[PDB]
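Visitor: Let me give you the structure first, and then I'll get to my questions.
Neighbour counts are summed over all protein chains in view; Cβ atoms, including those assigned to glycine, are modelled from backbone coordinates with ideal geometry. The numbers here are math on the coordinates, done by the rules we state, and not lab data.
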RNA sequence: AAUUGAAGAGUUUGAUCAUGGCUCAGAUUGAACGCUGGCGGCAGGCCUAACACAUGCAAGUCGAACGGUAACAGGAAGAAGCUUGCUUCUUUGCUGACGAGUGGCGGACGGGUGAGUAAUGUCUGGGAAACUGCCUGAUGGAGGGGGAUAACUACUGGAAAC
RNA sequence: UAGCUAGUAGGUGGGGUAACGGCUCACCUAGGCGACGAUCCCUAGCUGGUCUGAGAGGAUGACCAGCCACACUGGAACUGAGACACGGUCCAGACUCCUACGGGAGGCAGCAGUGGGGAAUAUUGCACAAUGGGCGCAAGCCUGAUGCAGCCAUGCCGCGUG
RNA sequence: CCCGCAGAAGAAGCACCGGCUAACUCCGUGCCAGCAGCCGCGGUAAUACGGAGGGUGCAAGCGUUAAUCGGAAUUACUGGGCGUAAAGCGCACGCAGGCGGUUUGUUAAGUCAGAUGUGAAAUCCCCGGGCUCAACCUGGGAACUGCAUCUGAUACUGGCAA
RNA sequence: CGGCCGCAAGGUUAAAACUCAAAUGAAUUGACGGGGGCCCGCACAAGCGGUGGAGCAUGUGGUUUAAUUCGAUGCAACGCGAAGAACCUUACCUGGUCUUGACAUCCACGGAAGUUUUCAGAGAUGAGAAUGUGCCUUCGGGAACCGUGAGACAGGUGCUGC
RNA sequence: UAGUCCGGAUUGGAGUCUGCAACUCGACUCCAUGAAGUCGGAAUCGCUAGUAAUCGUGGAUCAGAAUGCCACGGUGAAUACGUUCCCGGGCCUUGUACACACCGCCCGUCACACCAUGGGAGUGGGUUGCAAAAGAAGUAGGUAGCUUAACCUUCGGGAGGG
RNA sequence: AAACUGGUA
RNA sequence: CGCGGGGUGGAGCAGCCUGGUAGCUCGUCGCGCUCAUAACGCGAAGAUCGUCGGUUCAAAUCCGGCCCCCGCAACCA
RNA sequence: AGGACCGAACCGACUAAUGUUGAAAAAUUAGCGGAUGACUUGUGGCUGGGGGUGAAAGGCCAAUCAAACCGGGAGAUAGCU
RNA sequence: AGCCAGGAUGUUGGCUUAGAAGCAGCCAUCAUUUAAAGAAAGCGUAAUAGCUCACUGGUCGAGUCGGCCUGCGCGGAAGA
RNA sequence: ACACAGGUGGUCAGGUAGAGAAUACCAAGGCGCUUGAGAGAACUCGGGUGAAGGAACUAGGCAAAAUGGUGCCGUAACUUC
RNA sequence: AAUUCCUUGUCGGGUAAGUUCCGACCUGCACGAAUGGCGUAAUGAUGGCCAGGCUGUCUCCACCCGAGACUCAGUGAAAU
RNA sequence: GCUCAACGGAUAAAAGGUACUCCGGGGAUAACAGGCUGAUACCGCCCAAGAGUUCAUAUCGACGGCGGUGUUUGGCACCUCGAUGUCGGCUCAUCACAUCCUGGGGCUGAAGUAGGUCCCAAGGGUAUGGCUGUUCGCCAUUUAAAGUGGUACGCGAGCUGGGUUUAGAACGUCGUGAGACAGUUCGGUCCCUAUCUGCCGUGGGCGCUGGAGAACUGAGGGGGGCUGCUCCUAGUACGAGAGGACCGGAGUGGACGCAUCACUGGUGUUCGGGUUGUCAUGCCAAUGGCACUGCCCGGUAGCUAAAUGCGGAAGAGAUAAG
Ligand SMILES: [Mg+2]
Ligand SMILES: [Mg+2]
Ligand SMILES: [Mg+2]
Ligand SMILES: [Mg+2]
Ligand SMILES: [Mg+2]
Ligand SMILES: [Mg+2]
Ligand SMILES: [Mg+2]
Ligand SMILES: [Mg+2]
Ligand SMILES: [Mg+2]
Ligand SMILES: [Mg+2]
Ligand SMILES: [Mg+2]
Ligand SMILES: [Mg+2]
Ligand SMILES: [Mg+2]
Ligand SMILES: [Mg+2]
Ligand SMILES: [Mg+2]
Ligand SMILES: [Mg+2]
Ligand SMILES: [Mg+2]
Ligand SMILES: [Mg+2]
Ligand SMILES: [Mg+2]
Ligand SMILES: [Mg+2]
Ligand SMILES: [Mg+2]
Ligand SMILES: [Mg+2]
Ligand SMILES: [Mg+2]
Ligand SMILES: [Mg+2]
Ligand SMILES: [Mg+2]
Ligand SMILES: [Mg+2]
Ligand SMILES: [Mg+2]
Ligand SMILES: [Mg+2]
Ligand SMILES: [Mg+2]
Ligand SMILES: [Mg+2]
Ligand SMILES: [Mg+2]
Ligand SMILES: [Mg+2]
Ligand SMILES: [Mg+2]
Ligand SMILES: [Mg+2]
Ligand SMILES: [Mg+2]
Ligand SMILES: [Mg+2]
Ligand SMILES: [Mg+2]
Ligand SMILES: [Mg+2]
Ligand SMILES: [Mg+2]
Ligand SMILES: [Mg+2]
Ligand SMILES: [Mg+2]
Ligand SMILES: [Mg+2]
Ligand SMILES: [Mg+2]
Ligand SMILES: [Mg+2]
Ligand SMILES: [Mg+2]
Ligand SMILES: [Mg+2]
Ligand SMILES: [Mg+2]
Ligand SMILES: [Mg+2]
Ligand SMILES: [Mg+2]
Ligand SMILES: [Mg+2]
Ligand SMILES: [Mg+2]
Ligand SMILES: [Mg+2]
Ligand SMILES: [Mg+2]
Ligand SMILES: [Mg+2]
Ligand SMILES: [Mg+2]
Ligand SMILES: [Mg+2]
Ligand SMILES: [Mg+2]
Ligand SMILES: [Mg+2]
Ligand SMILES: [Mg+2]
Ligand SMILES: [Mg+2]
Ligand SMILES: [Mg+2]
Ligand SMILES: [Mg+2]
Ligand SMILES: [Mg+2]
Ligand SMILES: [Mg+2]
Ligand SMILES: [Mg+2]
Ligand SMILES: [Mg+2]
Ligand SMILES: [Mg+2]
Ligand SMILES: [Mg+2]
Ligand SMILES: [Mg+2]
Ligand SMILES: [Mg+2]
Ligand SMILES: [Mg+2]
Ligand SMILES: [Mg+2]
Ligand SMILES: [Mg+2]
Ligand SMILES: [Mg+2]
Ligand SMILES: [Mg+2]
Ligand SMILES: [Mg+2]
Ligand SMILES: [Mg+2]
Ligand SMILES: [Mg+2]
Ligand SMILES: [Mg+2]
Ligand SMILES: [Mg+2]
Ligand SMILES: [Mg+2]
Ligand SMILES: [Mg+2]
Ligand SMILES: [Mg+2]
Ligand SMILES: [Mg+2]
Ligand SMILES: [Mg+2]
Ligand SMILES: [Mg+2]
Ligand SMILES: [Mg+2]
Ligand SMILES: [Mg+2]
Ligand SMILES: [Mg+2]
Ligand SMILES: [Mg+2]
Ligand SMILES: [Mg+2]
Ligand SMILES: [Mg+2]
Ligand SMILES: [Mg+2]
Ligand SMILES: [Mg+2]
Ligand SMILES: [Mg+2]
Ligand SMILES: [Mg+2]
Ligand SMILES: [Mg+2]
Ligand SMILES: [Mg+2]
Ligand SMILES: [Mg+2]
């Protein structure tokens with residue numbers, strides 16, 4: 001929800017801008033005008049915009065001293081425009097910004113378990129051979145045993161022989177330590193991936 | 001004539017008496033809100049932001065203090081196209097008056113507010129070392145001179161204010 | 001909140017005010033206030049009165065009347081009998097407005113009225129006919145004081161809805 | 001303010017009904033929905049919730065909320081308490097402070113008596129008068145319980161002397 | 001929290017927000033006590049015979065079933081209601097039937113009651129043939145009883161033993 | 001002196017009998033088979049005299065049904081020293097924070113939710129003490145600079161003002 | 001010798 | 001190829017110089033005790049001695065193989 | 001009074017620059033610490049090497065110290081260059 | 001292979017359609033009329049239309065089309 | 001090792017200013033340091049000044065710059081007072 | 001944390017931006033009580049961080065004063 | 001009679017530390033750098049299921065395949081152990097193009113503006129800070145852009161010394177201990193006068209055919225080449241609107257470079273003045289020396305930046321992609 005507190009100089013302007021803003025309401029995100037009025041921005045308008053995280057917009061009006069008191073004390077998003085199209089552009093920008101970042105995954109590593117070992121803190125650690133890609137320190141992982149998901153989490157411990165490492169490229173041996181992954185069995189595959197964003201926008 | 005003045009109840013316990021709190025019945029208000037609403041008389045009406053203000057009005061008056069004709073309500077002279085003796089038009093302060101100016105009185109009253117002030121203010125009761133426009137009583141003067149300035153004219157700076 | 005005060009308390013002389021006075025200076029003394037509450041901190045205009053109560057007391061100071069303080073904020077003085085002056089002056093400050101960008105103006109806590117705040121509180125009205133003030137010999141002019149009217153069941157009282 | 005025409009025509013609502021507290025039945029619901037100042041009602045026969053009928057109270061008003069006093073002798077001066085309900089310091093010595101045996105004299109401070117002055121008006125109260133009654137307005141009185149000065153009393157308290 | 005005191009532990013002075021309708025003292029009656037005293041019962045002790053072990057009868061719980069009808073549940077339910085479930089009893093299950101009805105009562109019409117057999121069908125049940133057509137009888141009918149029809153009704157071993 | 005001439009369940013075959021009806025689901029009889037069971041754990045029950053123990057007979061319900069219920073008789077014991085205790089009950093007294101009356105009441109940590117509150121490195125404001133800098137306007141004091149219509153003058157200038 | 005506890009209204 | 005002890009029922013356990021009916025603690029299913037629960041008591045199911053080969057009426061106790069666990073060595077991923 | 005304070009002589013050596021075939025085999029310039037004390041200094045004496053001394057750094061013992069210097073075993077040995 | 005012509009619609013198939021008869025989209029995945037035509041491959045038209053592909057008629061006229069095996073070349077080919 | 005910017009104990013110690021044996025200029029006294037003369041370039045060393053900005057420099061305010069005396073007034077948290 | 005690998009752990013403060021610093025959290029790889037634990041006024045040519053002043057440290061160097069460097073005369077090295 | 005099992009059997013009889021170290025050797029053997037290689041990494045290409053509403057190839061692209069570079073992580077041990085100084089920073093650079101900006105084009109799922117992808121192009125240009133030793137990285141805030149790599153991971157006989165491999169000390173951890181950690185923490189000597197090559201400047205000799213003084217031509221070489229914003233065209237083309245051009249002109253900036261002191265300033269120990277202490281010129285007065293030019297205030301010329309003038313071009317020829 002995008003909350004708007006709209007005050008304009010003329011009632012015709014108020015009633016035109018309200019419907020112009022309502023027309024562009026998308027299913028994913030909507031816009032509500034909690035307050036709509038004619039005249040300068042008042043302390044009541046400031047309080048109403050403080051209650052809900054609203055954008056306090058004045059079409060051809062300016063805040064008085066009393067309203068500016070609350071505006072200074074609590075920092076709200078006060079906006080002054082002179083063109084309905086500028087106001088609509090800003091509202092569309094806010095609506096688009098409110099959207100989700102579109103989390104997506106892609107495989108960047110692959111290892112096969114061999115020669116299970118033991119550890120005091122993490123319990124049973126897996127001695128993996130990286131077959132393709134790269135495996136990083138703290139990235140989400142998926143354990144597959146015969147192409148069926150067994151474990152979902154994040155790679156916690158990654159060292160070689162004796163030294164902790166941040167990454168291991170394909171072709172080297174590595175040790176993977178996940179305390180909750182206690183059913184370590186030879187032949188298991190581990191997929192490593194990261195998270196990518198596309199940052200959708202309304203259109 | 002002016003002193004005709006004083007009520008209790010519910011609630012702790014199985015029940016009782018105490019102690020002790022809470023609650024209610026009364027009166028009152030610069031009240032607000034809900035439902036409803038015919039008339040009249042008297043009174044009251046920003047208690048919060050001593051927060052900010054568009055616009056109009058709320059302190060003027062004296063020509064019987066004095067220079068004056070900027071309005072113009074009269075009159076007279078004169079010059080004139082003449083209604084043919086009655087009109088008109090420039091001077092003229094004689095004039096009923098009077099914009100602007102000097103001068104006198106008033107603007108310290110009336111009106112508004114409760115910020116500040118814990119006594120440097122207020123209430124009560126006293127005092128001595130004081131002034132007092134206008135209003136009133138009494139006793140006495142009110143003689144003779146001088147130099148300026150506003151207004152008004154001639155220039156000049158100004159968008160305005162000046 | 002237990003200690004507070006150096007012009008501080010007293011005296012001589014000068015100065016100053018309408019008037020007494022550390023009111024102000026020079027000098028001399030070390031004094032003065034405080035447990036009967038000094039100093040410090042919080043709150044608040046005071047009274048006649050109003051409410052309540054049998055009374056004593058408790059709460060309160062809205063209207064009317066008396067006194068005090070203030071006039072956008074801070075400061076100063078002039079004029080005047082009387083001001084350290086609500087609709088005066090000068091300086092400084094915050095804010096607002098006009099500008100030809102050279103430069104200027106402003107003070108509703110006066111009566112109406114507007115924005116804002118709030119649960120909440122009215123007409124941008126008529127007249128100087130009466131009373132009372134300012135000027136004037138008077139006539140007369142001015143007077144949002146005042147007299148009236150408009151809005152509100154806000155209160156008290158009276159009548160009707162047969 | 002008086003007169004004339006017509007016509008019951010234009011004019012009644014709010015709260016409450018278990019006890020406190022004046023006023024009872026039915027239906028719906030079934031610890032749900034709801035009520036509630038206090039005690040507290042509602043878990044299938046509710047005088048306590050919702051509706052209807054009936055009744056009680058007030059009336060151009062009625063009810064709710066806010067605030068003060070009263071009831072509250074529940075800050076007890078009038079007018080309370082501390083063995084066990086709250087409440088005697090663990091005990092003692094002692095400054096300031098409070099109180100103090102008996103005889104006389106004196107003072108006259110406390111105390112009491114009389115007089116004078118004062119205690120604004122309005123408001124409160126008593127007797128009257130005017131708005132068609134009332135509210136309201138208004139004449140006189142009383143009160144304004146206080147404060148100051150003067151003149152006296154000397155029982156008691158205080159001071160001085162013995 | 002602040003102040004003072006103490007090496008420390010801590011001591012002394014001493015609140016507010018918030019929450020409840022109570023908290024509390026003395027005493028009365030009852031109950032209870034791993035308090036005391038006295039007394040009684042096949043209560044214990046001293047004995048006999050048992051149950052709990054095995055087979056069987058019966059009831060109950062549980063389970064299953066179309067139904068396994070409904071009750072009764074520590075002592076004080078469990079050979080209990082039940083002093084007699086193969087039909088009935090018997091409500092419960094599945095099927096087949098009826099709607100003023102199996103039973104009471106009001107009304108109309110028709111028909112003696114009853115005794116004999118036959119078709120279909122598990123039966124109930126429908127569907128025929130028979131036989132019979134008597135007492136009172138005011139000669140339009142009643143009383144004993146049968147069939148059909150309408151409406152008031154009849155009916156419930158359905159729930160609440162709080 | 002044994003799983004037996006004890007023990008009788010189960011089971012097969014064959015029969016008697018009530019009743020419309022013995023298969024779900026009756027009683028009795030004849031032949032055959034002959035399980036478990038050789039005195040029974042924790043625990044628990046009745047009985048003090050014709051009692052217990054054991055042995056037969058009858059009745060109700062009922063067409064047909066008992067090891068159940070009710071009822072009659074034959075044979076016929078052991079042990080009770082005593083109230084020290086389990087259970088229950090009665091009376092007197094005592095303690096109680098109990099009164100849905102000990103199957104009462106009631107405490108604290110810990111897990112969850114909400115409300116207010118203390119400490120807290122810091123952050124943002126208001127007021128104010130002390131020590132300094134700062135000096136608009138105004139008032140007062142002092143003035144070799146400039147300027148000046150009222151008074152004086154020797155007419156050159158003085159006094160005084162700005 | 002030991003001898004706990006008792007949902008709410 | 002790495003230093004010792006082991007392996008009894010669902011879990012933990014007794015039989016060692018003593019090779020003779022598989023027993024005891026805790027768990028599961030019952031019964032009793034109590035108004036009821038806990039506690040407590042009485043009972044039942046439950047087994048190649050970790051797994052095989054020599055020895056032997058016999059079974060880790062006399063031995064020899066296989067498998068598993070643990071004291072450390074067990075690297076350390 | 002003080003293993004008190006500031007600060008010269010005096011005793012040190014924290015920073016920087018220079019120098020690094022130096023003026024010097026550790027110094028110069030500018031700063032810096034202590035400066036009545038566990039202080040500093042002159043003269044003389046004692047402790048001798050698997051030993052001494054050490055408010056401890058494996059520090060010092062004549063420009064040399066995880067075992068001083070001089071002479072000898074000695075032409076030690078060197079699977080090494 | 002060019003050029004001169006046909007090269008269409010039985011039938012807006014149902015439907016959509018700015019104005020869709022093959023071409024902006026679905027079902028339909030068939031067949032006559034026919035020298036010759038697929039209810040159609042596409043530019044194009046505010047859909048047809050205009051203009052085109054397959055097939056065939058005429059003019060022109062002798063070569064033309066696509067595979068296989070082979071020799072030598074071309075691109076793929078950026079570094080201090 | 002040098003006619004070496006180093007080290008070396010004691011005694012005397014004047015004037016002006018100054019607390020002073022610090023520091024500055026002088027007296028008595030002693031010295032100009034055993035290669036010079038020119039020029040007035042990069043670069044190095046030792047110094048002075050610097051518009052506006054003022055740590056942005058750097059591992060780091062290194063180095064520089066800055067403060068600096070006597071008298072009087074005044075002075076916080078904390079504290080073993 | 002003079003102790004924490006993961007690690008620039010998370011939150012708050014400071015900045016404009018803070019792997020450093022200060023205050024907390026506790027998941028203490030791998031604190032801990034005379035190999036002392038936790039505090040602590042004063043002290044320190046001790047380690048870390050911040051602020052005022054100050055500045056050629058720096059943006060970005062410029063000019064000037066002396067000693068060398070350069071030229072002339074005398075003497076006259078060194079590593080390799 | 002020996003698990004002399006290290007099994008041709010050094011003793012009957014035997015473990016460690018050295019960062020306090022020392023000697024003799026080795027590039028017969030590692031760490032830095034070079035060399036070979038190219039598994040890995042980076043870049044390119046082949047096929048095309050599929051995504052893209054329809055549509056493989058606007059943009060991506062599964063399962064698979066083929067190459068280039070020398071460029072990361074690796075392999076080898078060929079050079080250097082009678083010495084090739086190692087990370088980061090400063091100063092100074094130079095090359096490649098697989099192009100970050102600027103320039104020219106094709107395609108687009110390119111209406112305009114703004115974008116995506118590919119081709120040609122190396123002339124010029126290509127950030128300051130906060131934190132960390134930090135190259136990198138995150139963050140703040142700019143720019144037209146804040147390019148990727150080679151050069152002994154360019155550059156210590158140019159500088160630094162923060163990290164890191166000496167000696168001191170401590171924490172955690174391991175060890176009985178000496179001690180150790182590729183864990184942390186505080187402190188800790190950076191030498192060289194340039195012979196040759198090279199480079200930046202400046203001279204002498206001879207030659208060029210009689211000698212000498214001048215002015216030239218120009219084979220050849222070097223320097224330079226960057227770019228923002230505002231206005232007009234024009235609120236026009238394009239679009240429903242919002243918004244908003246190509247092409248072509250003008251003006252004013254940033255960085256960089258050259259020149260020059262007319263101006264604004266710095267310096268100006270060679271000019272004038274003020275002033276503290278002290279000494280001297282016989283003394284007063286007036287002067288001089290010393291104390292950083294004693295301290296300080298101004299300031300001529302010259303040199304200078306912060307000051308003010310100019311520059312990068314237009315044009316022509318032959319071309320790359322097209
Ligand atoms: Mg007027
Ligand atoms: Mg006039
Ligand atoms: Mg007044
Ligand atoms: Mg005097
Ligand atoms: Mg006085
Ligand atoms: Mg009372
Ligand atoms: Mg009061
Ligand atoms: Mg005056
Ligand atoms: Mg006035
Ligand atoms: Mg006004
Ligand atoms: Mg007003
Ligand atoms: Mg409002
Ligand atoms: Mg009334
Ligand atoms: Mg009643
Ligand atoms: Mg009901
Ligand atoms: Mg009272
Ligand atoms: Mg009391
Ligand atoms: Mg006592
Ligand atoms: Mg006493
Ligand atoms: Mg007495
Ligand atoms: Mg008296
Ligand atoms: Mg009357
Ligand atoms: Mg009266
Ligand atoms: Mg009065
Ligand atoms: Mg007396
Ligand atoms: Mg305290
Ligand atoms: Mg008996
Ligand atoms: Mg017994
Ligand atoms: Mg039995
Ligand atoms: Mg029932
Ligand atoms: Mg039953
Ligand atoms: Mg039941
Ligand atoms: Mg039946
Ligand atoms: Mg009952
Ligand atoms: Mg038999
Ligand atoms: Mg037997
Ligand atoms: Mg029978
Ligand atoms: Mg009895
Ligand atoms: Mg209990
Ligand atoms: Mg707090
Ligand atoms: Mg002044
Ligand atoms: Mg419990
Ligand atoms: Mg000392
Ligand atoms: Mg010192
Ligand atoms: Mg040192
Ligand atoms: Mg020195
Ligand atoms: Mg010291
Ligand atoms: Mg050591
Ligand atoms: Mg030595
Ligand atoms: Mg030795
Ligand atoms: Mg020998
Ligand atoms: Mg030899
Ligand atoms: Mg050898
Ligand atoms: Mg080829
Ligand atoms: Mg010499
Ligand atoms: Mg010497
Ligand atoms: Mg000496
Ligand atoms: Mg020089
Ligand atoms: Mg220099
Ligand atoms: Mg300097
Ligand atoms: Mg100078
Ligand atoms: Mg500067
Ligand atoms: Mg400056
Ligand atoms: Mg500064
Ligand atoms: Mg930097
Ligand atoms: Mg320094
Ligand atoms: Mg300095
Ligand atoms: Mg770390
Ligand atoms: Mg900083
Ligand atoms: Mg910290
Ligand atoms: Mg430790
Ligand atoms: Mg210990
Ligand atoms: Mg030389
Ligand atoms: Mg020479
Ligand atoms: Mg030589
Ligand atoms: Mg061998
Ligand atoms: Mg060490
Ligand atoms: Mg060696
Ligand atoms: Mg080699
Ligand atoms: Mg190498
Ligand atoms: Mg390599
Ligand atoms: Mg080899
Ligand atoms: Mg090499
Ligand atoms: Mg060599
Ligand atoms: Mg290219
Ligand atoms: Mg060119
Ligand atoms: Mg390098
Ligand atoms: Mg490089
Ligand atoms: Mg080099
Ligand atoms: Mg380097
Ligand atoms: Mg270092
Ligand atoms: Mg070039
Ligand atoms: Mg010049
Ligand atoms: Mg100058
Ligand atoms: Mg000079
Ligand atoms: Mg002199
Ligand atoms: Mg001299
Ligand atoms: Mg000298
Ligand atoms: Mg060109």
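Visitor: Does region A:31-41 include one or more residues that are over 24 Å from the mean Cα position of the chain (by Cα), more than 16 Å from RNA strand H (Cβ to nearest atom) and part of a helix (DSSP H, G or I)?
Guide: Looking through region A:31-41, none of the residues is over 24 Å from the mean Cα position of the chain (by Cα), more than 16 Å from RNA strand H (Cβ to nearest atom) and part of a helix (DSSP H, G or I).
Visitor: Report every pair of residues separated by at least 6 positions or lying on different chains whose Cβ atoms are under 9 Å apart, first residue within region A:160-183 and on the phi > 0 side of the Ramachandran plot, second near RNA strand H (Cβ under 9 Å from one of its atoms).
Guide: Close Cβ pairs satisfying both conditions: A:161/A:173; A:161/A:175.
Visitor: Among all residue pairs at least 6 apart or on different chains, which show Cβ distances below 9 Å where the first residue, located in region A:28-46, is without any contact (Cβ under 8 Å) to a residue 40 or more places away in the chain and more than 17 Å from residue A:91 (Cβ to Cβ) and the second is within 16 Å of RNA strand L (Cβ to nearest atom) and part of a loop (DSSP other than H, G, I, E, B)?
Guide: Short answer, once both residue conditions are applied: A:46/A:74.
Visitor: Would you mention how many residues in region A:120-159 are without any contact (Cβ under 8 Å) to a residue 12 or more places away in the chain and surrounded by 12 or more Cβ atoms within 10 Å (Cβ to Cβ)?
Guide: Residues flagged as without any contact (Cβ under 8 Å) to a residue 12 or more places away in the chain and surrounded by 12 or more Cβ atoms within 10 Å (Cβ to Cβ) within region A:120-159 amount to 0.
Visitor: Filter region A:12-59 down to residues that are within 16 Å of RNA strand B (Cβ to nearest atom) and in contact with a helix residue (DSSP H, G or I) (Cβ under 8 Å, 6 or more places away or on another chain) and give me whichever is farthest from residue A:75 (Cα to Cα).
Guide: Here the residue is A:40.
Visitor: Now, a different point. Quick one: would you say residue A:175 is in a loop (DSSP other than H, G, I, E, B) and within 16 Å of RNA strand M (Cβ to nearest atom)?
Guide: no
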